[PDB]
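Data file: work.txt. Format and content: compact mmCIF, C-alpha atoms.
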```
# COMPACT_ATOMS: atom_id res chain seq x y z
CA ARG A 4 -134.81 -29.99 200.55
CA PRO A 5 -131.48 -31.49 199.41
CA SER A 6 -131.06 -32.77 195.85
CA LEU A 7 -128.40 -34.98 194.27
CA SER A 8 -127.87 -36.21 190.73
CA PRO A 9 -127.31 -39.93 190.18
CA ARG A 10 -123.54 -39.42 189.86
CA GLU A 11 -123.33 -37.19 192.95
CA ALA A 12 -125.45 -39.62 194.98
CA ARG A 13 -123.33 -42.54 193.78
CA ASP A 14 -120.05 -40.81 194.75
CA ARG A 15 -121.52 -39.77 198.11
CA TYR A 16 -122.57 -43.32 198.92
CA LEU A 17 -119.19 -44.85 198.04
CA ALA A 18 -117.36 -42.29 200.21
CA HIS A 19 -119.86 -42.99 203.00
CA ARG A 20 -119.21 -46.74 202.82
CA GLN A 21 -115.47 -46.07 202.53
CA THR A 22 -115.41 -46.40 206.32
CA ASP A 23 -116.88 -49.83 207.11
CA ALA A 24 -116.23 -51.74 203.88
CA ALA A 25 -113.18 -53.36 202.29
CA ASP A 26 -111.73 -51.92 199.06
CA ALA A 27 -113.16 -54.82 197.07
CA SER A 28 -116.66 -54.19 198.40
CA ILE A 29 -116.44 -50.52 197.40
CA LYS A 30 -115.38 -51.54 193.90
CA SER A 31 -118.27 -54.00 193.71
CA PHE A 32 -120.71 -51.29 194.83
CA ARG A 33 -119.15 -49.00 192.22
CA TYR A 34 -119.48 -51.54 189.41
CA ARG A 35 -123.08 -52.35 190.32
CA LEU A 36 -124.21 -48.73 190.59
CA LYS A 37 -122.37 -47.74 187.43
CA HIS A 38 -125.16 -49.42 185.47
CA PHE A 39 -127.77 -47.39 187.28
CA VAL A 40 -126.01 -44.05 186.89
CA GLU A 41 -125.57 -44.45 183.13
CA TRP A 42 -129.15 -45.69 182.75
CA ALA A 43 -130.58 -42.86 184.86
CA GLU A 44 -128.53 -40.20 183.07
CA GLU A 45 -129.62 -41.52 179.66
CA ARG A 46 -133.24 -41.46 180.84
CA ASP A 47 -132.82 -37.80 181.85
CA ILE A 48 -133.13 -38.45 185.61
CA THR A 49 -131.33 -35.38 187.01
CA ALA A 50 -132.22 -35.80 190.70
CA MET A 51 -132.57 -39.00 192.67
CA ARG A 52 -135.78 -37.72 194.27
CA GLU A 53 -137.36 -38.09 190.80
CA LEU A 54 -137.24 -41.87 191.16
CA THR A 55 -140.50 -43.80 191.61
CA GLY A 56 -141.66 -47.40 191.82
CA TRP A 57 -142.26 -47.27 188.07
CA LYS A 58 -138.76 -46.04 187.25
CA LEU A 59 -137.22 -48.60 189.61
CA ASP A 60 -139.19 -51.38 187.91
CA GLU A 61 -138.04 -50.10 184.52
CA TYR A 62 -134.46 -50.32 185.72
CA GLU A 63 -134.89 -53.82 187.09
CA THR A 64 -136.38 -55.03 183.81
CA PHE A 65 -133.58 -53.35 181.87
CA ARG A 66 -130.94 -55.17 183.91
CA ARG A 67 -132.88 -58.45 183.65
CA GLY A 68 -132.49 -58.04 179.89
CA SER A 69 -128.69 -58.07 180.10
CA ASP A 70 -126.36 -61.10 180.07
CA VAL A 71 -125.96 -61.02 183.86
CA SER A 72 -126.74 -64.11 185.98
CA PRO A 73 -129.65 -64.07 188.46
CA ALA A 74 -127.21 -64.18 191.39
CA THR A 75 -125.34 -61.16 190.05
CA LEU A 76 -128.60 -59.30 189.40
CA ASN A 77 -129.79 -59.96 192.96
CA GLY A 78 -126.62 -58.49 194.44
CA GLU A 79 -127.01 -55.51 192.14
CA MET A 80 -130.58 -54.82 193.21
CA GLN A 81 -129.60 -55.29 196.87
CA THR A 82 -126.87 -52.68 196.55
CA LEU A 83 -129.39 -50.43 194.78
CA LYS A 84 -131.71 -50.99 197.74
CA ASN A 85 -129.04 -50.19 200.34
CA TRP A 86 -128.07 -47.11 198.36
CA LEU A 87 -131.62 -45.75 198.40
CA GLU A 88 -131.88 -46.46 202.15
CA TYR A 89 -128.83 -44.26 202.67
CA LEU A 90 -130.29 -41.51 200.49
CA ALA A 91 -133.63 -41.71 202.29
CA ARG A 92 -131.86 -41.28 205.64
CA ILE A 93 -130.13 -38.14 204.38
CA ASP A 94 -133.33 -36.73 202.89
CA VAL A 95 -132.20 -37.10 199.25
CA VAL A 96 -135.14 -39.27 198.20
CA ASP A 97 -138.69 -39.95 199.44
CA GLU A 98 -138.73 -42.04 202.60
CA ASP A 99 -141.03 -44.62 200.99
CA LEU A 100 -138.86 -45.21 197.92
CA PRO A 101 -136.33 -47.81 199.11
CA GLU A 102 -139.17 -50.21 199.97
CA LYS A 103 -140.28 -50.13 196.34
CA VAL A 104 -137.04 -51.82 195.26
CA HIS A 105 -137.69 -55.43 194.27
CA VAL A 106 -134.81 -57.71 195.23
CA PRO A 107 -135.14 -61.04 193.36
```
Target encoding structure tokens, full file:
Amino acid sequence: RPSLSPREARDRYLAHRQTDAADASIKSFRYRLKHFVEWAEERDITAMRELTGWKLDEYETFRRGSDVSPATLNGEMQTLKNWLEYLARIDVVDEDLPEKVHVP
């Protein structure tokens, strides 16, 4: 039923974690997800529920094509994974989506 755009979902998640995470962790989450929000918006993804295993794989490959180190990429995908778990809990995305996130 509920629907959130990438930006809305990103802001919601950061506020949600703004209770059990240090300021630096929130910033890290913000920096990591910033790449996803811009990518999703440019790819015309207007609602997080629109995400699929294919789109997630496209994103992973896109990031793998950047100048980021494997260690940095892993932490980025892990945050992406935790983000989707949160959204799945609040009915914003399909319950079987977070599992489709590949964390190298």
Problem set entry | Interatomic distance (Å, one decimal) between atom CA of residue 31 of chain A and atom CA of residue 71 of chain A | 14.3 Å
For this session: Find the residues near residue 38 of chain A: any atom within 10 Å, counting only C-alpha atoms, skip ones fewer than 3 places away on the same chain, and give them as a PyMOL selection string.
Result: chain A and resi 33-35+41-43+62+65-66+79
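Comparing the minimum interatomic distances between residue 37 of chain A and each of A:14, A:88, A:53, A:63, counting all atoms listed in the file, we find that A:14 sits nearest.
Taking atom CA of residue 89 of chain A as the reference point, atom CA of residue 17 of chain A is found at 10.7 Å.
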Quick one: what's the axis-aligned box for segment 38-46 of chain A, all listed atoms, 8 Å on every side, centre and edges in Å to one decimal, as lines of an AutoDock Vina configuration file?
```
center_x = -129.2
center_y = -44.8
center_z = 183.5
size_x = 24.1
size_y = 25.2
size_z = 23.6
```
Exercise. In terms of the shortest atom-to-atom distance over all atoms listed in the file, which of A:12, A:87, A:74, A:80 is closest to residue 101 of chain A?
Worked result: A:87
For this session: Calculate how many Å separate atom CA of residue 102 of chain A from atom CA of residue 58 of chain A, rounding to one decimal.
Result: 13.4 Å
Problem set entry | Nearest to residue 45 of chain A by atom-to-atom distance, counting all atoms listed in the file, from A:75, A:9, A:29, A:20 | A:9
Problem set entry | Among the residues A:96, A:55, A:107, A:48, the one that comes closest to residue 67 of chain A [using only C-alpha atoms] | A:107
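When all atoms listed in the file are used to measure the gap to residue 13 of chain A, the shortest distance among A:86, A:69, A:44, A:95 belongs to A:86.
You can rank A:15, A:23, A:104, A:28 by their closest distance to residue 56 of chain A using all atoms listed in the file, and at the top of that list sits A:104.
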